[PDB]
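All remarks here apply to the structure that follows.
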Amino acid sequence: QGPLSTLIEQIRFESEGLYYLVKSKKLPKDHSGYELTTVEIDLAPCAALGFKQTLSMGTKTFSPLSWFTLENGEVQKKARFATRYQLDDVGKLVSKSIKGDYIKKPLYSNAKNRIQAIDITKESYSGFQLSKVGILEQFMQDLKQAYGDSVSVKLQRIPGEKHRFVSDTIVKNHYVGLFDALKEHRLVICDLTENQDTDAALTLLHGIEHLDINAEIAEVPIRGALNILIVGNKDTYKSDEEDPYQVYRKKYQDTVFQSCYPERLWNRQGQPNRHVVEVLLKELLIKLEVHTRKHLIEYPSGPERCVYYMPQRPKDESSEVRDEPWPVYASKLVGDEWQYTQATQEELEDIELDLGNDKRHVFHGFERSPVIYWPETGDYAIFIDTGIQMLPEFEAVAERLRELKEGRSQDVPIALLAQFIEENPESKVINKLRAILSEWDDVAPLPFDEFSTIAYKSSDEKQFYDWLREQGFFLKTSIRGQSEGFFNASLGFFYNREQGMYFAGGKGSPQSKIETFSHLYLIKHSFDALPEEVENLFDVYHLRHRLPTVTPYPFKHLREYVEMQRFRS
DNA sequence: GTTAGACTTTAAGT
DNA sequence: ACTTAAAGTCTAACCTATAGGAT
DNA sequence: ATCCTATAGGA
Ligand SMILES: [Mg+2]
């Protein structure tokens, strides 16, 4: 049919939401109890697809409230009621207490513990069973063991037509072209913080230099050139006249600006973080494309006669649910350039009727969605995140992994290794077998760990592991194969122009440790036949960094236009 | 004010 | 007491070995 | 025969 998705075809802490204890951490000194990190499996309504049910996987930390207990024995007022859940011994079959001090809040104010989605790192079923896909696999198998096929949940696959994969070579070429485009423009870094003792400017310059891009450090920001400012945190300053950010950015209006904190330029291990450099550079490129109203790299072709509208949220107060008409900014492709203007009241009066039923994605609220419109016929196109998560085919991956664990449970006899050495004298795997047999002793068999010097890469190694498999010793196998395709719906650009629906994801090969699910996007329309060039609007690989994108390319350009207006009007 | 996208905790609406 | 949207946190943004097809 | 370029399994 196509890729898998959380949309539903047919319909353990024991409450609303099925918690699966994943991780436990011990508290610091002078405290008792364990912090819990948990995964929730729940069935929820859909906002974007006709109230058809959806699956939801979500981290729900549980902490002890003895952490919050004061020195005098009193307990802090932060949510001191109505939340009582605790664990017993095993991660399932637990209990609570209506006056229990073990709550759903984290250890701190708004700390967000997070859990991986898929883990097949050493293709270990134990590491797999501690990720969201693994928890969902456990959920399905527990439901199956509990009820037979009487109670079953069937994720609705997506009708798939145009599944445009992307390789690491294509994205690598896209970014070498991108940074080649940046080579034409002057780039400046300036550190403006108080008592510049952190030397973050040197680290950022050295990070840029390894992408072969020239940058020069100066004392103060320079007009005309692309600027990077290391300024302190936003809340460090109290007055907007003394904050270097936005005084240097309202002093100069027609100048491209990117700014950074010091702390962001280093990782946990102390080496430079080289991703920050790339994101800064490509974001400056996008802002420059916005600012000169052209394209510095070849974007695809947009649909003809289309217009892209996008609101912006004021810096004002309640109007309770932003009911007051926001400014709305429009973008059009005209010849060799783009036009960005503000949408007048007459245009939006026409639009709110021509868009009609689907007006309320552009108006009435926060997060007002950009929408394409067509002057010629009043047909339009809306791109909305549906809340649907799309999953790699978990049941097959777990079916493979359980058999891998069963195979590695046995120890290979010396007799089989001797037979394999005798019967295949020209294979390259023999030398490692002879060495590991000489290191071993002829009485006891070899466990799997001493095979760790032998990998499932070469063709003779593949033959060796298949030959071990025919004897019942299923040591290693193939899981992330493109030809066999279990880890799709997490890879590459997808497209269904009959229904506009799409998603993005990883590039090239799946990773053993992937921790986010892609989201399916819906293009609501009044069309009978959607324009073909809606394919082209987001076959671009640098909005999301080094990845396929879920939002059309003119929308980000319009948004970086809008954000550039805070210091002009 | 690394960013987009996904994601989780908190706060406002009911 | 429950709901849902708004506010805010946070992690990846791969890497290298092997076979195969082309020249 | 040899060098590049997909395939995907380890760090
Ligand atoms: Mg920004």
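Letters for chains follow the order of the structure tokens (A, B, ...), residue numbers begin at 1 for each chain, and ligand numbers begin at 1 in the order shown.
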Determine, using only C-alpha atoms (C1' of nucleotides), which residues of chain A have any atom at most 7 Å from an atom of chain C, and tabulate each with its shortest atom pair and distance in Å to one decimal place, rows ordered by chain and then rising number, as a tab-separated table.
```
residue	atom	partner	partner_atom	distance
A:111	CA	C:9	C1'	7.0
A:112	CA	C:9	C1'	6.2
A:275	CA	C:13	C1'	6.4
A:457	CA	C:18	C1'	6.2
A:458	CA	C:18	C1'	5.7
A:545	CA	C:13	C1'	5.4
A:546	CA	C:13	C1'	5.9
```
Taking only C-alpha atoms (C1' of nucleotides) and all ligand atoms and a cut-off of 9 Å, can you tell me which residues surround ligand 1, written as a PDB file with N, CA and C atoms (P, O5', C5', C4', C3', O3' and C1' of nucleotides), in the first residue's frame?
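And here is the file that came out, part_12.pdb:
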```pdb
ATOM      1  N   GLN A 258      22.925  37.856  11.900  1.00  0.00           N
ATOM      2  CA  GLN A 258      22.792  36.598  12.620  1.00  0.00           C
ATOM      3  C   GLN A 258      23.548  36.737  13.929  1.00  0.00           C
ATOM      4  N   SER A 259      22.978  36.248  15.024  1.00  0.00           N
ATOM      5  CA  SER A 259      23.594  36.425  16.330  1.00  0.00           C
ATOM      6  C   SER A 259      23.585  35.119  17.103  1.00  0.00           C
ATOM      7  N   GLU A 283      21.614  29.951   7.322  1.00  0.00           N
ATOM      8  CA  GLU A 283      20.594  30.903   7.717  1.00  0.00           C
ATOM      9  C   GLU A 283      20.920  32.306   7.230  1.00  0.00           C
ATOM     10  N   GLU A 560      11.448  34.916   6.974  1.00  0.00           N
ATOM     11  CA  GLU A 560      12.629  35.722   7.240  1.00  0.00           C
ATOM     12  C   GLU A 560      12.516  37.123   6.679  1.00  0.00           C
ATOM     13  N   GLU A 563      10.359  38.665   9.790  1.00  0.00           N
ATOM     14  CA  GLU A 563      11.168  38.859  10.990  1.00  0.00           C
ATOM     15  C   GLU A 563      12.144  40.022  10.845  1.00  0.00           C
TER      16      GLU A 563
ATOM     17  P    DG B   1      18.978  35.959  14.731  1.00  0.00           P
ATOM     18  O5'  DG B   1      19.777  35.613  16.055  1.00  0.00           O
ATOM     19  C5'  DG B   1      19.171  34.794  17.016  1.00  0.00           C
ATOM     20  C4'  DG B   1      19.993  34.732  18.279  1.00  0.00           C
ATOM     21  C3'  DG B   1      19.681  33.544  19.169  1.00  0.00           C
ATOM     22  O3'  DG B   1      20.862  33.080  19.784  1.00  0.00           O
ATOM     23  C1'  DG B   1      19.230  35.542  20.338  1.00  0.00           C
ATOM     24  P    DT B   2      21.076  31.513  20.050  1.00  0.00           P
ATOM     25  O5'  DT B   2      21.091  30.884  18.600  1.00  0.00           O
ATOM     26  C5'  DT B   2      22.098  31.213  17.690  1.00  0.00           C
ATOM     27  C4'  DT B   2      21.993  30.319  16.479  1.00  0.00           C
ATOM     28  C3'  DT B   2      20.587  29.850  16.155  1.00  0.00           C
ATOM     29  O3'  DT B   2      19.961  30.761  15.258  1.00  0.00           O
ATOM     30  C1'  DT B   2      22.217  28.086  15.925  1.00  0.00           C
ATOM     31  P    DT B   3      18.359  30.821  15.136  1.00  0.00           P
ATOM     32  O5'  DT B   3      17.992  29.520  14.310  1.00  0.00           O
ATOM     33  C5'  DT B   3      18.306  29.443  12.938  1.00  0.00           C
ATOM     34  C4'  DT B   3      17.668  28.219  12.332  1.00  0.00           C
ATOM     35  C3'  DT B   3      16.178  28.089  12.629  1.00  0.00           C
ATOM     36  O3'  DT B   3      15.469  27.764  11.460  1.00  0.00           O
ATOM     37  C1'  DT B   3      17.338  26.151  13.341  1.00  0.00           C
TER      38       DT B   3
END
```
*To one decimal place, how far is CA of residue 325 in chain A from CA of residue 353 in chain A in Å?*
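Separation between CA of residue 325 in chain A and CA of residue 353 in chain A: 14.9 Å.
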Q: Quick one: pick out all alpha helix (DSSP H) residues within range 508-566 of chain A from a backbone DSSP run and write them as a list in words.
A: residues 553, 554, 555, 556, 557, 558, 559, 560, 561 and 562 of chain A
Given the selection you just returned, output its residues as a file containing N, CA and C atoms, formatted as a compact mmCIF listing (two decimals), in the first residue's frame.
```txt
# COMPACT_ATOMS: atom_id res chain seq x y z
N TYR A 553 9.39 26.12 0.05
CA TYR A 553 10.53 27.03 0.06
C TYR A 553 10.17 28.52 0.11
N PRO A 554 9.09 29.03 -0.51
CA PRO A 554 8.82 30.47 -0.37
C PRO A 554 8.32 30.85 1.02
N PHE A 555 7.82 29.90 1.80
CA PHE A 555 7.29 30.25 3.11
C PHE A 555 8.40 30.68 4.06
N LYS A 556 9.53 29.98 4.05
CA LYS A 556 10.63 30.39 4.92
C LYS A 556 11.21 31.72 4.49
N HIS A 557 11.25 31.97 3.19
CA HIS A 557 11.73 33.26 2.71
C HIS A 557 10.79 34.38 3.13
N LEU A 558 9.49 34.14 3.06
CA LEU A 558 8.55 35.15 3.53
C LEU A 558 8.69 35.36 5.03
N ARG A 559 8.96 34.29 5.78
CA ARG A 559 9.07 34.41 7.23
C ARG A 559 10.33 35.17 7.64
N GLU A 560 11.45 34.92 6.97
CA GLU A 560 12.63 35.72 7.24
C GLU A 560 12.52 37.12 6.68
N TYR A 561 11.58 37.37 5.76
CA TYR A 561 11.25 38.76 5.46
C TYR A 561 10.49 39.40 6.59
N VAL A 562 9.52 38.69 7.13
CA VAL A 562 8.67 39.27 8.14
C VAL A 562 9.48 39.58 9.39
```
*Interface, chain A side, toward chain D (7 Å; only C-alpha atoms (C1' of nucleotides)) as a list in words*: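 My answer is residues 456, 457, 480, 481 and 509 of chain A.
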Could you list, as a PyMOL selection string, the residues of chain A having an atom within 7 Å of chain B when counting only C-alpha atoms (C1' of nucleotides)?
chain A and resi 59+110+112+233-234+259-261+276+279-280+516+544
* Write out as a count of residues only all residues of range 265-313 of chain A that DSSP puts in strand (DSSP E or B) for this structure's backbone. => 7
Point-to-point distance in Å for CA of residue 492 in chain A and CA of residue 548 in chain A: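 Computing it gives 6.6 Å between the two atoms.
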- So which residues touch residue 475 in chain A within 12 Å, counting only C-alpha atoms (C1' of nucleotides), skipping near sequence neighbours fewer than 3 positions away, as JSON, numbers by chain? {"A": [123, 124, 400, 401, 402, 403, 404, 405, 406, 407, 408, 409, 410, 411, 412, 447, 448, 449, 450, 451, 452, 454, 455, 456, 461, 462, 464, 465, 466, 467, 468, 469, 470, 471, 472, 478]}
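Near residue 248 in chain A, within 10 Å and counting only C-alpha atoms (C1' of nucleotides), sit residues 220, 221, 222, 223, 229, 241 and 257 of chain A, not including residues fewer than 6 positions from it in the same chain.
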Please produce a file of those selected residues containing C-alpha atoms, as a short mmCIF file (atom, residue, chain, number, x, y, z; two decimals), in the first residue's frame.
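Output contents, as saved in selection_0.cif:
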```cif
data_model
loop_
_atom_site.label_atom_id
_atom_site.label_comp_id
_atom_site.auth_asym_id
_atom_site.auth_seq_id
_atom_site.Cartn_x
_atom_site.Cartn_y
_atom_site.Cartn_z
CA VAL A 220 31.77 46.19 16.25
CA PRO A 221 29.21 45.08 13.61
CA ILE A 222 29.86 46.32 10.09
CA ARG A 223 27.13 47.62 7.80
CA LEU A 229 27.34 38.78 16.77
CA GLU A 241 19.22 50.50 24.92
CA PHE A 257 22.18 39.88 10.81
#
```
